[PDB]
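If you're matching them up, the sequences are chains A, B, C, D, E, F and G in order. Sequential numbering of the first sequence, starting at 569, is according to the UniProt record's numbering. Sequential numbering of the second sequence, starting at 569, is according to the UniProt record's numbering. Sequential numbering of the third sequence, starting at 391, is according to the UniProt record's numbering. Sequential numbering of the fourth sequence, starting at 79, is according to the UniProt record's numbering. Sequential numbering of the fifth sequence, starting at 79, is according to the UniProt record's numbering. When you line the sixth sequence up against the UniProt record's numbering, it's residues 2 to 15, 23 to 69, in that order. When you line the seventh sequence up against the UniProt record's numbering, it's residues 2 to 15, 23 to 69, in that order. Ideal placement from N, C-alpha and C gives every residue a C-beta, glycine not left out. Taking it in order: structure first as structure tokens, then the write-up.
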Amino acid sequence: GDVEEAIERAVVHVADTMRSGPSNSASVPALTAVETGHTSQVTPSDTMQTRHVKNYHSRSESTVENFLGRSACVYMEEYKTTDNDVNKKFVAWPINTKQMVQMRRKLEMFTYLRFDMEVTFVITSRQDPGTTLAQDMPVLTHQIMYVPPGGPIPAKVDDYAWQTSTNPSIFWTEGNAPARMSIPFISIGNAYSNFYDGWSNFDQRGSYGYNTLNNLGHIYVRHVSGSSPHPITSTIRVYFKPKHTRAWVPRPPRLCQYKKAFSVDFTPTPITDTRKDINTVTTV
Amino acid sequence: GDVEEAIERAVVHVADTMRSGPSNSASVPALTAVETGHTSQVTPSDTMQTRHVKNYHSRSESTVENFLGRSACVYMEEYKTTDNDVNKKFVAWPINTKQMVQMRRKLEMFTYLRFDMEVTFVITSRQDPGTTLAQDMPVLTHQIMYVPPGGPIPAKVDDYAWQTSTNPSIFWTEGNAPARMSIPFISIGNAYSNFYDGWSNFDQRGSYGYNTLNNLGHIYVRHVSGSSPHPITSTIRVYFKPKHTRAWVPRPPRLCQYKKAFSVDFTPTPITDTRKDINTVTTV
Amino acid sequence: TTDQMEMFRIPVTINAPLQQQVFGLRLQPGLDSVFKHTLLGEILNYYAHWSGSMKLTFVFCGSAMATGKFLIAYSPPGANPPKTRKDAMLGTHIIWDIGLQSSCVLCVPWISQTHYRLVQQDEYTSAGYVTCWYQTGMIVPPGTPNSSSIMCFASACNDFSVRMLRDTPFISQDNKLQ
Amino acid sequence: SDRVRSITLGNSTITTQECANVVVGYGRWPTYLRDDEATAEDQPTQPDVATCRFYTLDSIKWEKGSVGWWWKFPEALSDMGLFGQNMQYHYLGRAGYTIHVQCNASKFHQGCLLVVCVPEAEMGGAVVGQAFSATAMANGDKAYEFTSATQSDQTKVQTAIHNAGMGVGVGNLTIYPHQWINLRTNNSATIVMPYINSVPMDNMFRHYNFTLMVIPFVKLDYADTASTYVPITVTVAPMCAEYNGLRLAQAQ
Amino acid sequence: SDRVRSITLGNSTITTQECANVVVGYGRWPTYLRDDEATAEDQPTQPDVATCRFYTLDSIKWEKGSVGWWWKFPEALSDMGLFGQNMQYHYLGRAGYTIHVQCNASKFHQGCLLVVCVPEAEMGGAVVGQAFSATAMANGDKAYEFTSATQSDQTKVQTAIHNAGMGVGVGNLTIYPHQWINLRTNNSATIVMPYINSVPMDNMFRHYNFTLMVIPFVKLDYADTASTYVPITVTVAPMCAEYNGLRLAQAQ
Amino acid sequence: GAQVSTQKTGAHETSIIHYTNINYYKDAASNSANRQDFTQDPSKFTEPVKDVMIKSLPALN
Amino acid sequence: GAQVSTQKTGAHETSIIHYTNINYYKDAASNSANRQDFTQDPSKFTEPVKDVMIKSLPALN
Ligand SMILES: Cc1cc(CCCCCCCOc2ccc(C3=NCCO3)cc2)on1
Ligand SMILES: Cc1cc(CCCCCCCOc2ccc(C3=NCCO3)cc2)on1
Ligand SMILES: Cc1cc(CCCCCCCOc2ccc(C3=NCCO3)cc2)on1
Ligand SMILES: Cc1cc(CCCCCCCOc2ccc(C3=NCCO3)cc2)on1
Ligand SMILES: *C(=O)CCCCCCCCCCCCC
Ligand SMILES: *C(=O)CCCCCCCCCCCCC
């Protein structure tokens, strides 16, 4: 009514070590058949004498919610306040999570993912170097607009599309706390796919790979009415923080360095690094 | 449920003075044997006639929580907005509490300490002097990233490591309240050690001293996209305030001035200052 | 190494000198090249602290007709690693006999002065060595290959946990992709 | 099956996929000295896991012409970790043992060993009347060997195998705790020896309580296999070790 | 009287006819590691009487011009019987100690010693910035000595007595467990140190848990007596010693 | 309707350690993270075998 | 679940002097300091002697 008792007063720990003494039996825990595709459930008490240890360690920091739940930079680009080239004055980004290596490797440890998304923007501006820099420009305001697939796309900073009568936009002024908002799980499927071993056409032709399922739309950003006498360059950095996460069918982590944003493509890389012989255990 | 009664309506005071009259007995409180390693529990009433005094004085301000619980500057460094030298543009600090003398002396009054830590950052910027200073630079934003031991370290302001997909970072804009956050007790041991009379190698070789137990990681800080036409120098000051503190085995305070950040090393200093003779009690 | 797949094959042969060493490795699951890229090592590399026991399962892949006994041991840290089977047998070990059950599990216990060790392991946080020796020898009847391979699997036990989330040293970039 | 066996003492475990049973002393499991059987009055040390664990001695080669070997206890273990250390610092000691003799071959090899533990295996000299030194019968974990021919070297013990160095019939050694390793069925032998002596405790250097003998009754034989020798390894674990009369360590 | 005192650990007993009290750690009596405070999972050895007994180090001479001495633990006991042996074979160890410092003179002698146990007595080098080796602070039961003059030898620790090698005031060492031997009243000092560390167990070679310092605050003096020096002897007994992580012995 | 639950333990021994939360938005997507769910099952991965296998007994036959 | 406790006395004579607190974070490390715990024991340091010594009676014999 007023207060509610969702208290988790009983939290999970790591397994205790049971005291274990000598044995002489036909029962043999240490011998198994790896061939079954089974990982052994052996513990020290099975193969040696152990003392009792009340273990209070907890796996709290390794839940998928926690592992994925930190904001990571997924994109960055610059847009000028004034320039002769129309395209240098605004950013148009096709939303995806494959261009920044760190976030990509983490998400890619799972095949399917389902989560809500917290998006934070970090926008900074700097005056371009030049011969004459004296000016007195008022504070800048930026507009970030999300255009769902199929909506009208802006062709220049001053076009009608920026009216956002229906698309969601954020107007933010410099000097303030970074802009932020939440987006729910928006896939047309039941989970987001990090990989897709298939084609776009029924023919088994067309696009191949996860890129065929990426149609989340674009993010467009411009200065509001910020034309300055001497150019100023703003850089926008977008951060993603998944929350209320669920993950399915885990995969080996990416070993080879990434080469392309929209394909699994790689260059063969060795299993691991080498040492002189199979018995080398020293450093020098 | 709604309200809770953690009220400390009964707080501790300093001992009262009991009235005490004349005596003539075989019982002798003032004579003892310092040799036992015992400090006498004598009070004025044991050796003279006292009146009764209801003492309301309290030792509240001298609890270890209170003594250690004030923010203290533990480090400061400068980083430029623009410079030819890559390293002059960002700070890389190996976290420790031995470089600033005041905090060091306080912590070092105890051998072991266990506490949570409140960290506050004070960042200020100034335009470097020069022949031509006219410019109009927008507000600056800084990034402070914590790199736990073993994580990728940034080699320049613009490198991939600054993505922080997993390391914790703070993005802060000038003109605002100083950045701050709490860190829990993160030692791999049961308490932090201020001293360590030992070696790193089992051999009794390698590093000697507390420095062998210091592996808390680094703090890296840079301007976000702050390249300015004329250089600006930012200075970061980091403050530590221990909270929820516990301290064990107290030691004599440091008498000799400190000489090194990572060693106990000192130059012999006399016990105290002198006076002309053992009876001198005047000032002039 | 000529062929990459050879890295997974531990060589074992007939008429090996008595008490010969089969292999030796140092226990730094997150740092040593032998473990750093395994499932366990990859997970460890997103953290800075670790604690718990480990399972090293060995599977004999020779013919059903070959026989052999091996001594597999774990030596808690000390100034010097074991150089001889006599040295090794003083520590935690198991004597593996080959038969119908092809695999054997050496469970290396958590023996440490601290509750947690660093993933970026150092001397203070040293964990020791795991070594393998011929207990008897690999004997073979007529008409079977002269040498065979042994494989090693690794995983964490139920008392294992990691702490302090951090970025991994194993992935990087100089440019945005595209 | 029962052929499967697992034994854990201290920080060591032994496993066998093809065994017979486990022979236990004279049906007597090792046990600590009781108050009603003691003479030495000082509180004893019982190091437990530090001493009661498996120690593997140096291996040996069983070849077609091998004749037999012996090891005397506790001497054979005098250099083994804390067991040896405790032997050195104490005047008196007492212990039982789990003896595990290992020997694997193949389904195409043949051979058969007797694995026996002879209590008080007092031996005769190579030349009657001539005294020999301790070195003629024991020295750390060094395996001593019997011979087919009768021994001539007076510095040695009478090693002729058929009399087992004791003047008795070698085929009658079966009255002592034993097991057979017949290559056709076994791959190891396990004998648990309890403490057997005429006094409650004894000095561990001066008295060899029992001798382990491994004797090929049926010679090692095989056909065109690339394997030549078949190794034999002895692993033993002290049990219920306790010591009395602490003082300075005995130099050797 | 209470001056009379008798202490028995293992096969050794200490007696004193003129003592003060017995100082006990920070009011904490030595005790074995509990299950809820342990990390290392293997079953430990607790040798008991074999290790928990009194060991007497080499004696030293207190002369009119002596300035002070120190011994680092457990290093000082690394060669003492089975205590030293157990230190060598194990990666981890844990123990408390009963320290008994002996010093008898006569009713006509005068002098006063501070007997302190300093936990984590990390020391500074003779020349700041210059590293020294383990040998500059400990080596078996060898007593190390402080000096009046400030140390110049860079291979040494800064031995100037008034700063106790730690950069603090020597007269403030009293916050650590201590007792005074004032020749006029005492003849010995007994301090029981519990295990104090930031981790449950630790390696015994690599870490000196505490340092015993014996410092003459009032110089030894006497008249026309034929006795010249007054010996000082240190006898110490480990208490509740337990070890984990058995493996091969550390060479040194 | 405020929810009150326990905090993750700090440097000090544990009652004063509970925090309170109130949701301010109409969409659950707006809510903070589920930092405190510790349900866990490693057997889909460590033992996906049809017939259950007890450690003491041998694996084959 | 708000906690209500007493304040440290001010210039004026003492009921109106209690303050209220509510924790907003999921980690106890985030909580404010324990400025008000006054438990205290000087005897580990002032008298670590095995046998207790009453002031009135002599120290030796
Ligand atoms: C980021 C990222 C990862 C990928 C794979 C895409 C996974 C997205 C899962 C479903 C998201 O919602 C959809 C929106 C549009 C489409 C679509 N498929 C054909 C082209 O557009 C499908 C799903 O590529 N970039
Ligand atoms: C494909 C795919 C799926 C994923 C995760 C990507 C999905 C991320 C959610 C999409 C978020 O897109 C935004 C929506 C709106 C706004 C925005 N609204 C107000 C102004 O900006 C910004 C981002 O991994 N692979
Ligand atoms: C600050 C400061 C004080 C010190 C002493 C260090 C005390 C820290 C206590 C434990 C902190 O957590 C650890 C992290 C890493 C290591 C480590 N030891 C070997 C190298 O890294 C040990 C403890 O030196 N600098
Ligand atoms: C060693 C030692 C231990 C001590 C106290 C030092 C420990 C201090 C705690 C370590 C704090 O380190 C930080 C962690 C993270 C951040 C940070 N996170 C968000 C961005 O900055 C900053 C400091 O005394 N000696
Ligand atoms: C839940 O609302 C039941 C109890 C009401 C508590 C009062 C709320 C305190 C003020 C915050 C209101 C939130 C409005 C966005
Ligand atoms: C504790 O919560 C029980 C009583 C609820 C009091 C209402 C809280 C007042 C508004 C603060 C909410 C805190 C959300 C961060």
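Take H483/C and list the residues in its own chain whose beta-carbon comes closer than 8 Å to its own, dropping the five residues that flank it on each side.
Translated into the one-based positions of the third sequence, residue 483/C becomes position 93. Result list for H483/C: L461, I462, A463, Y464 and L496, in chain order.
Only counting runs of 3 or more residues, tell me where the beta strand (DSSP E) segments fall wholly within the segment 756-843 of chain A, in order along the chain.
786-791 and 800-818
Do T93/D and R81/D come within 9 Å of each other at the CB atom, strictly closer than that value?
Locating residue 81/D in the fourth sequence gives position 3, where the first residue counts as 1. Locating residue 93/D in the fourth sequence gives position 15, where the first residue counts as 1. Cβ atoms of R81/D and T93/D: not closer than 9 Å.
Can you tell me the Cα-Cα spacing of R619/A and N664/B, whole angstroms?
To locate residue 619/A, count along the first sequence from 1; it is residue 51. To locate residue 664/B, count along the second sequence from 1; it is residue 96. About 36 Å.
Is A41/F near ligand 6 - that is, is its Cβ less than 8 Å away from at least one heavy atom of it?
Along the sixth sequence, one-based indexing puts residue 41/F at 33. No - ligand 6 has no heavy atom lying nearer than 8 Å to the Cβ of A41/F.
Is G2/G close to ligand 6? I mean its beta-carbon at under 8 Å from any heavy atom of the ligand.
Here the question's residue 2/G lines up with position 1 in the seventh sequence. Flag set: Cβ of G2/G near ligand 6.
Which same chain residues end up closer than 7 Å to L170/E when comparing Cβ atoms and leaving out the 5 residues on each side of it in sequence?
One-based indexing of the fifth sequence puts residue 170/E at position 92. Only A118, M279, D280, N281, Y321, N322 and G323 meet the Cβ criterion.
Considering only heavy atoms of ligand 5, does any lie closer than 8 Å to the CB of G569/B?
Here residue 569/B corresponds to residue number 1 of the second sequence, with the count starting at 1. No, the Cβ of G569/B stays beyond 8 Å of every heavy atom of ligand 5.
Paired residues, beta bridge with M713/A - DSSP
Taking the first residue of the first sequence as 1, we reach residue 713/A at position 145. In DSSP, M713/A forms a bridge with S737/A and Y788/A.
Taking beta-carbon pairs under 7 Å, can you tell me which members of the segment 528-562 of chain C lie near chain B?
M554, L555, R556, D557, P559 and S562
Report yes if the CB atom of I561/C is closer than 9 Å to the CB atom of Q667/A, and no otherwise.
Here residue 561/C corresponds to residue number 171 of the third sequence, with the count starting at 1. Here residue 667/A corresponds to residue number 99 of the first sequence, with the count starting at 1. No.
Would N735/B pass as an interface residue toward chain C - the criterion being a Cβ-Cβ separation below 9 Å?
If you number the second sequence from 1, residue 735/B lands on position 167. By this cut-off, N735/B is an interface position.
Determine whether the Cβ of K811/B lies closer than 9 Å to any Cβ atom of chain G.
Mapped onto the second sequence, residue 811/B falls at position 243. Cβ-Cβ to chain G under 9 Å: yes for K811/B.
Counting C-beta neighbours from all protein chains within 10 Å, is the total for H581/B 16 or more, i.e. buried, or is it exposed?
Stepping through the second sequence from its first residue, residue 581/B is reached at position 13. By the neighbour-count rule (16 or more Cβ atoms within 10 Å), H581/B is not buried but exposed.
Top-ranked residue by Cα proximity to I25/F, from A3/G, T7/G, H26/G and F46/G
Sequence index remark: in the sixth sequence, residue 25/F carries index 17 (1-based). Per the Cα distances, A3/G.
Is the segment 193-213 of chain D touching the segment 226-242 of chain D, taking contact as three or more C-beta pairs under 8 Å?
yes
For ligand 5, is there a heavy atom less than 8 Å away from the beta-carbon of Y27/F?
As a position in the sixth sequence, residue 27/F is number 19, starting the count at 1. Every heavy atom of ligand 5 is 8 Å or more from the Cβ of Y27/F, so no.
Exposed or buried, which one is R507/C when buried takes at least 16 other CB atoms within 10 Å?
Indexing the third sequence from 1 puts residue 507/C at position 117. So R507/C counts as buried.
Consider the C-beta atom of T665/B and the heavy atoms of ligand 8; say whether any pair is separated by less than 8 Å.
For ligand 8, the structure offers nothing, since it holds only ligand 1, ligand 2, ligand 3, ligand 4, ligand 5 and ligand 6.
Count the C-beta pairs between the segment 289-297 of chain D and the segment 127-137 of chain D that are closer than 8 Å, then say yes if the count reaches three, no if not.
no
Looking at the C-beta of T521/C, does it have a partner C-beta in chain D at a distance below 9 Å?
Within the third sequence, residue 521/C is the residue found at index 131, counting from 1. Cβ-Cβ to chain D under 9 Å: no for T521/C.
Would you say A12/F faces chain B, with C-beta separation under 9 Å as the test?
The sequence position of residue 12/F within the sixth sequence is 11, counting from 1. Closer than 9 Å: yes.
Could you tell me which of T54/F, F46/F and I62/F sits nearest to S626/A, measuring between CA atoms?
Here residue 626/A is taken as the residue at index 58 of the first sequence, counted from 1. Measuring from the Cα of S626/A, the nearest candidate turns out to be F46/F.
Would you kindly work out how many angstroms separate the C-alpha atoms of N164/D and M61/G, rounded to a whole number?
Sequence index remark: in the fourth sequence, residue 164/D carries index 86 (1-based). Sequence index remark: in the seventh sequence, residue 61/G carries index 53 (1-based). Cα to Cα, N164/D sits roughly 44 Å from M61/G.
Would you grab the beta carbon distance between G105/E and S51/G for me? Rounded to a whole angstrom, and I think it's under 8 Å.
In the fifth sequence, the residue the question calls residue 105/E occupies position 27. In the seventh sequence, the residue the question calls residue 51/G occupies position 43. Correct: roughly 7 Å between the Cβ atoms.
Indicate whether the contact test is met: 3 or more Cβ pairs, each with one atom in the segment 462-481 of chain C and one in the segment 526-540 of chain C, closer than 8 Å.
no
Can you tell me the Cα-Cα spacing of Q236/D and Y254/D, whole angstroms?
For this step, residue 236/D is matched to residue 158 along the fourth sequence. For this step, residue 254/D is matched to residue 176 along the fourth sequence. Each residue's Cα considered, the two are about 21 Å apart.
Classify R172/D as helix, strand or coil using the three-state DSSP reduction.
Indexing the fourth sequence from 1 puts residue 172/D at position 94. Strand, per DSSP.
Leaving aside the five residues before and after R638/B along the sequence, list all residues of the same chain whose C-beta is less than 8 Å from its C-beta, in chain order.
Translated into positions along the second sequence, residue 638/B becomes position 70. Excluding the 5 residues flanking it on each side, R638/B has same chain C-beta neighbours closer than 8 Å at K809, in chain order.
Mind checking if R587/A is an interface residue toward chain C, Cβ cutoff 9 Å exclusive?
Counting from 1 along the first sequence, the entry for residue 587/A is found at position 19. Output row for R587/A: interface = no.
Can you give, in chain order, each stretch of the alpha helix (DSSP H) that sits fully within the segment 610-690 of chain A and has at least 4 residues?
Unbroken alpha helix (DSSP H) runs of no fewer than 4 residues, entirely contained in the segment 610-690 of chain A, are found at 612-615, 632-636 and 669-675, following chain order.
Listed from N- to C-terminal order along the chain, which residues in the segment 279-291 of chain E have their beta-carbon within a distance smaller than 7 Å of any beta-carbon of chain C?
Answer in chain order: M279, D280 and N281.
Uninterrupted alpha helix (DSSP H) stretches inside the segment 140-167 of chain D (no shorter than 4 residues):
Qualifying alpha helix (DSSP H) stretches, in chain order: 159-167.
Taking 8 Å as the cut-off, does the CB of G757/B come closer than this to any heavy atom belonging to ligand 3?
As a first step, residue 757/B is located in the second sequence; it is residue number 189 there, counting from the start. For ligand 3, at least one heavy atom lies less than 8 Å from the Cβ of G757/B.
With 9 Å set as the bound, which would you pick, yes or no: does the beta-carbon of residue 638/C sit closer than that to a beta-carbon of chain B?
The requested residue 638/C does not occur in the structure, where chain C is confined to residues 391 to 568.
For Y104/E, go through chain B and note every residue whose CB falls closer than 9 Å to its CB, in chain order.
Here residue 104/E refers to the residue found at position 26 of the fifth sequence. At a beta-carbon threshold of 9 Å, the residues of chain B lying near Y104/E are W816 and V817, ordered along the chain.
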